[PDB]
Amino acid sequence: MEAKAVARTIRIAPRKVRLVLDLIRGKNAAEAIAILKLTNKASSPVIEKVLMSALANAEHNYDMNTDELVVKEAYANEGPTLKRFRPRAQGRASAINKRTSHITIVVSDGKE
Amino acid sequence: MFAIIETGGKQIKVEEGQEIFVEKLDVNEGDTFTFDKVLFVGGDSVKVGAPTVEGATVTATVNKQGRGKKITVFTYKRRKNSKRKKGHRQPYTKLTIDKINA
Amino acid sequence: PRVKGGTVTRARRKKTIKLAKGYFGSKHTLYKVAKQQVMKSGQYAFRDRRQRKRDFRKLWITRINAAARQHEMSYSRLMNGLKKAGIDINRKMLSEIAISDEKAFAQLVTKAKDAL
Amino acid sequence: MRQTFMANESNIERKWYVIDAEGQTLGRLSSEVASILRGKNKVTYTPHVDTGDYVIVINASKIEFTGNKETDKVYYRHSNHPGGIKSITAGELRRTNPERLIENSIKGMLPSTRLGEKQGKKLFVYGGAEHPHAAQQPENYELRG
Amino acid sequence: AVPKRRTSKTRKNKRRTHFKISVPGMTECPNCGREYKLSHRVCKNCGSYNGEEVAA
RNA sequence: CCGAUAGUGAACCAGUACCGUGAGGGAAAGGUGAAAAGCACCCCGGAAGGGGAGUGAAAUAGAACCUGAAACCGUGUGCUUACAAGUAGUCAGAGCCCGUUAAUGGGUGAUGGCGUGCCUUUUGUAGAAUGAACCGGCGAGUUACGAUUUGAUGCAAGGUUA
RNA sequence: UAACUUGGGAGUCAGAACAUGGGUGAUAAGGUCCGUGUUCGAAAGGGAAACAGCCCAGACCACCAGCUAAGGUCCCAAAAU
RNA sequence: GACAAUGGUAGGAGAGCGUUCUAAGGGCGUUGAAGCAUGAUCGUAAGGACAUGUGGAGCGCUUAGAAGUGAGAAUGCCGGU
Ligand SMILES: [Mg+2]
Ligand SMILES: [Mg+2]
Ligand SMILES: [Mg+2]
Ligand SMILES: [Mg+2]
């Protein structure tokens, strides 16, 4: 059928996450769990949680099975932007952007 | 067998059953206009001729007498303060053919 | 009574930008650039209508001469043959004739060649 | 806009011709030839496409030059490195790679467009009196000189 | 020193046809029934590179 | 007369935070819904966050809560693109696809012709002279008194009030 | 078919090239200073390869009609090898 | 119906569109206002209706009057990207 799950205000930029997604989009679940769960980065824990969480809600609420579950689409969008500033020479400043994110996964089975 | 006619200041090729557009004639719908100037009719019995081949008459129906697509005019000189803009539609008259030369 | 100048500006700017559909990069989203590119467009039209008339006169002449090289009647001998014959038509009909039917054109050239 | 015949890739015809190069001069030839390949001299001419014909040219070597410009007509390219100019050859190129000579002498009477460079590929020159392309049932052709 | 021009939305993307990252090596376990990476250890259950030789 | 970049600088915990040794200078920041009825309960999760279930007419109104544009960023997809010299469009136009505020239709566009941005200042600028990173907002001939002429209007050798 | 007066309102006072009679300068200058006239400036379009001023000519709008001007007719690039 | 004119900066004259508010008249609005978005529509232009979606309470129209009445550019202020 359809299924999804979300994470919001996650304290990572979009891009660094977006690469990791481009290792995902199209696969089957089990594989993608593995793919995330091995690569040594900071996003892999998070996406792993959100993915398996999505399978959780799909299982409990919608009563699916796990074989045919595939990643229909996934994408991360921009979030609030905690402006900071690091000092710098000659009496000046420079405003860092501590970025955020809103991760979106939509697990699907494809059938009814 | 087709023939060549005159209208406005220009000409058209017509085969019988064909449609045409042309600048306005100011003759309402269904009032079948009949041309009087013709310049050529070929095919089988070929008759090229003097201007206004005589004995030659076309008939046709006035389907629609509408208006055109509003093209924009616009233009300007550069680095100066000048410009202009004024649309212009066009009237036309839409005919199809019965009875190539009488 | 102060006047919030809003509520029109955006609308005007949409009436511009929506004449920028098919333009490249940031020319189809931004007001400024699409304004000035539009103005180039309208001007270009105002020379292009003229230009198409010039063009198709060239084209028709080209095709016609490509016909009358068959009888080795270079294009000018012909036309002078036509003004002398006491007949005259446009171009584009010599084109469509000499494209869709050959024989008719041949009979024209006979009618003109014999006036020289 | 109104009626007039235009020409497509499917409303088309293309042919393969022979031309003797011997006993003939270079100007007259290249002009008339690229007056073929350009699509001119056909009443289906439409210049947003290629009604370009094909042409075969045989026995280039016997072409001839009037006056000097046997030798005092120099050809120049540049190798894009500095001081890499080359007068390296002259009209003696007729002796060696004469086919190249013609094939550049025509491809300057054509534009640099994408079309114009497609036409020029529809030419095949042979300084020798043989050709492989007889499969096409090619024709002869008579120039006006 | 500096750019003179604005780097448009195309070239910023074409330039990024190579920040992708490679599909890492993978294979199922020989008797731990799951995936891991090649010429490496499982991290589970008892370690299985040829079978258990470790605890962690 | 203004209706949150206006109007007190200040609609809110402002002469505050802040800056400066000090005189002193000086901010940004309104809105859930009718009523708090402000998400019991299950599930993943360490949490946060979320999917469900429910309150409510509506929760894509769920607290960073009316409306939610543009820049900007993405996900997918109809068309198209790897011998090609491009102020980027326009004109002509095949091919492929689609069907409208139903009319000389709309989306894309192989290929050809044609074509050196905008304002300012200038004898003249593609200009290698200047300004603009984009977009949203703001923002510049006003008012009194008086003279003068123009047009109108009422009276008329009279007219007019402070 | 314009000319004059009165009244209201301004703008302009840095001009350039081409030809032409001249001064200066070296019978030098895309020079400078004057008279004379044109065009540009405030005017596009066709030709001069390309171009503010040279040459033909003064755009109300639209047409897939025609005849001509300067300049051109082998290909590029329409038109007489 | 004829005849003729209709390039144009500085600049002079004239007719005009829309916004906010007011006065008067006449009208619309949960059986969904305004705004917003989309659209292949009308007008010579500035511009205006219409259909649909979102939106959740005020708005248009005719006549005339007064204006803080229009913004692409200030090495412009602010905000966001
Ligand atoms: Mg507000
Ligand atoms: Mg201006
Ligand atoms: Mg100067
Ligand atoms: Mg701005």
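Chains as they are written, first to last, in my numbering: chain A, 199 to 310; chain B, 279 to 380; chain C, 75 to 190; chain D, -2 to 142; chain E, 120 to 175.
C-beta: ideal position from N, C-alpha, C; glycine also.
Legend entry - Spatial distance of residue 363 of chain B from residue 321 of chain B (CA atoms): If you number the second sequence from 1, residue 363 of chain B lands on position 85. If you number the second sequence from 1, residue 321 of chain B lands on position 43. One C-alpha to the other measures close to 48 Å.
Legend entry - Residue of A:227, A:228 and A:251 minimising C-alpha distance to residue 205 of chain A: Position 7 of the first sequence, counting from 1, holds the residue named residue 205 of chain A. For the residues A:227, A:228 and A:251, the minimum Cα distance to residue 205 of chain A belongs to A:251.
Inset, instruction - Please report how far the alpha carbon of residue 117 of chain D lies from the alpha carbon of residue 82 of chain D, in whole angstroms. - result: On the fourth sequence, position 120 is the one that residue 117 of chain D refers to. On the fourth sequence, position 85 is the one that residue 82 of chain D refers to. Approximately 26 Å between the Cα atoms of the pair.
Legend entry - Neighbourhood of residue 115 of chain D by C-beta distance below 8 Å, restricted to the same chain and skipping five residues each side: Sequence index remark: in the fourth sequence, residue 115 of chain D carries index 118 (1-based). The answer, listed in chain order, is 47 and 49.
Inset, instruction - Return the chain-ordered list of same chain residues with a C-beta closer than 7 Å to the C-beta of residue 338 of chain B, the five sequence neighbours on each side being excluded. - result: Numbered from 1 along the second sequence, position 60 holds the residue referred to as residue 338 of chain B. Here the set comprises 310, 311, 373, 374, 375 and 376.
Legend entry - Minimum Cβ-Cβ distance from residue 264 of chain A to chain E less than 8 Å: Numbered from 1 along the first sequence, position 66 holds the residue referred to as residue 264 of chain A. It does not; no Cβ of chain E falls within 8 Å.
Inset, instruction - Return no unless some Cβ of chain E is closer than 8 Å to the Cβ of residue 236 of chain A. - result: Along the first sequence, read from residue 1 onward, the residue named residue 236 of chain A stands at position 38. For residue 236 of chain A, the answer is yes, since a Cβ of chain E falls inside 8 Å of its Cβ.
Inset, instruction - Determine the burial state of residue 104 of chain D: buried for a count of at least 16 other Cβ atoms within 10 Å of its Cβ, exposed for fewer. - result: By one-based count along the fourth sequence, residue 104 of chain D stands at place 107. Buried: at least 16 other Cβ atoms inside 10 Å.
Inset, instruction - Return the residue from the list D:41, D:94, D:92 and D:96 that minimises the CA-CA distance to residue 170 of chain C. - result: As a working note, residue 170 of chain C is residue 96 in the third sequence. Considering only alpha carbons, the answer is D:41.
Inset, instruction - State the Cα-Cα distance for the pair residue 217 of chain A and residue 278 of chain A, rounded to the nearest angstrom. - result: Along the first sequence, one-based indexing puts residue 217 of chain A at 19. Along the first sequence, one-based indexing puts residue 278 of chain A at 80. Going from the Cα of residue 217 of chain A to the Cα of residue 278 of chain A covers about 20 Å.
Legend entry - Below-8 Å beta-carbon distance, residue 426 of chain B vs any chain C residue: Because residue 426 of chain B is not part of the residues shown, which for chain B are 279 to 380, the question remains open.
Legend entry - Beta-bridge partners of residue 366 of chain B, as assigned by DSSP: In the second sequence, the residue the question calls residue 366 of chain B occupies position 88. Beta-bridge pairing links residue 366 of chain B to B:349.
Legend entry - Own chain partners of residue 271 of chain A with C-beta closer than 6 Å, once the 5 adjacent residues on each side are dropped: Here residue 271 of chain A corresponds to residue number 73 of the first sequence, with the count starting at 1. Closer than 6 Å at the Cβ level, and outside the excluded window around residue 271 of chain A, lie 304.
Legend entry - CB contact check: residue 232 of chain A to chain E, cutoff 8 Å: For this step, residue 232 of chain A is matched to residue 34 along the first sequence. So, interface residue.
Legend entry - Bounding residues of the alpha helix (DSSP H) (the contiguous stretch that carries residue 136 of chain C): Taking the first residue of the third sequence as position 1, residue 136 of chain C is located at position 62. Per DSSP, residue 136 of chain C belongs to the alpha helix (DSSP H) from 105 to 142.
Legend entry - Nearest-angstrom Cα separation, counted from residue 123 of chain E out to residue 240 of chain A: Indexing the first sequence from 1 puts residue 240 of chain A at position 42. Indexing the fifth sequence from 1 puts residue 123 of chain E at position 4. Approximately 36 Å between the Cα atoms of the pair.
Inset, instruction - Specify the secondary structure class of residue 359 of chain B as computed by DSSP and reduced to three states. - result: Along the second sequence, read from residue 1 onward, the residue named residue 359 of chain B stands at position 81. Three-state DSSP puts residue 359 of chain B in coil, outside helix and strand.
Inset, instruction - Look at residue 256 of chain A and residue 201 of chain A and say whether their C-beta atoms are less than 8 Å apart. - result: In the first sequence, residue 256 of chain A corresponds to position 58, counting from 1. In the first sequence, residue 201 of chain A corresponds to position 3, counting from 1. It is a contact, given that the beta carbons lie within the stated cut-off.
Inset, instruction - Locate the beta strand (DSSP E) running through residue 59 of chain D, then write down its first and last residues. - result: Position 62 of the fourth sequence holds residue 59 of chain D. Counting along the chain, residue 59 of chain D falls outside any beta strand (DSSP E), and DSSP gives it neither H nor E.
Legend entry - Min CB distance residue 220 of chain A to chain E below 8 Å: Here residue 220 of chain A corresponds to residue number 22 of the first sequence, with the count starting at 1. So yes, residue 220 of chain A belongs to the interface.
Legend entry - Near-chain C residues of the segment 35 to 63 of chain D - C-beta to any C-beta below 9 Å: 37, 38, 39, 40, 41, 42, 43 and 44
Inset, instruction - Can you give me, in chain order, the residues of the segment 330 to 359 of chain B that have a beta carbon less than 8 Å from any beta carbon in chain C? - result: 349, 350, 351, 352, 353 and 354
Legend entry - Coil, strand or helix - residue 86 of chain D by DSSP: On the fourth sequence, residue 86 of chain D is found 89 positions in, with the first residue counted as 1. Reduced to three states, the DSSP call for residue 86 of chain D is strand.
Legend entry - Beta-bridge partners of residue 318 of chain B, as assigned by DSSP: The count along the second sequence starts at 1 and reaches residue 318 of chain B at position 40. Beta-bridge pairing links residue 318 of chain B to B:282 and B:326.
Legend entry - Contact list for residue 137 of chain C against chain D, beta-carbon separation under 7 Å: As a working mapping, residue 137 of chain C is identified with position 63 in the third sequence. Ordered by position in chain D, the residues that pass the 7 Å Cβ test against residue 137 of chain C are 40 and 42.
Inset, instruction - Note the first and the last residue of the continuous alpha helix (DSSP H) segment covering residue 248 of chain A. - result: Stepping through the first sequence from its first residue, residue 248 of chain A is reached at position 50. First-last of the alpha helix (DSSP H) with residue 248 of chain A: 242 to 255.
Inset, instruction - Would you mind telling me which residues of chain C sit closer than 7 Å to residue 1 of chain D, beta carbon to beta carbon, in chain order? - result: One-based indexing of the fourth sequence puts residue 1 of chain D at position 4. Here the neighbours are 166, 169 and 170.
Legend entry - Three-state secondary structure (DSSP) of residue 157 of chain E: Counting from 1 along the fifth sequence, the entry for residue 157 of chain E is found at position 38. Looking at residue 157 of chain E - three-state DSSP - the assignment turns out to be coil, as it is neither helix nor strand.
Legend entry - Proximal residues to residue 147 of chain C (C-beta, below 7 Å), its chain only, five neighbours per side dropped: The residue labelled residue 147 of chain C in the question sits at position 73 within the third sequence. These residues qualify, in order along the chain: 183 and 187.
Legend entry - residue 291 of chain B: first and last residue of the uninterrupted beta strand (DSSP E) it sits in: By 1-based counting over the second sequence, the position of residue 291 of chain B is 13. Run containing residue 291 of chain B: 288 to 292, per the beta strand (DSSP E) assignment.
Inset, instruction - State yes or no: is the beta carbon of residue 365 of chain B nearer than 8 Å to at least one beta carbon in chain C? - result: Locating residue 365 of chain B in the second sequence gives position 87, counting from the first residue. No, residue 365 of chain B lies away from the interface with chain C (no Cβ there is under 8 Å from its Cβ).
Inset, instruction - Scan the segment 125 to 157 of chain E for residues whose Cβ lies nearer than 8 Å to a Cβ of chain A and list them as they occur along the chain. - result: 138, 139, 140, 142, 143, 145, 153, 154, 155 and 156
Inset, instruction - Using a Cβ-Cβ cut-off of 8 Å, state whether residue 113 of chain C counts as contacting chain B. - result: Walking along the third sequence from the start, residue 113 of chain C turns up at place 39. By this cut-off, residue 113 of chain C is an interface position.
Inset, instruction - Determine, using beta carbons only, whether residue 182 of chain C comes closer than 8 Å to chain B. - result: For the purposes of this step, residue 182 of chain C is taken as residue 108 along the third sequence, with counting starting at 1. With 8 Å as the cut-off, residue 182 of chain C counts as an interface residue toward chain B.
Legend entry - beta-carbon residue 310 of chain B near ligand 6 non-hydrogen atom, thresh 7 Å: In the structure shown, ligand 6 is absent; the only ligands present are ligand 1, ligand 2, ligand 3 and ligand 4.
Legend entry - Cβ pair residue 164 of chain C, residue 288 of chain B closer than 8 Å: The residue labelled residue 164 of chain C in the question sits at position 90 within the third sequence. The residue labelled residue 288 of chain B in the question sits at position 10 within the second sequence. Cβ atoms of residue 164 of chain C and residue 288 of chain B: closer than 8 Å.
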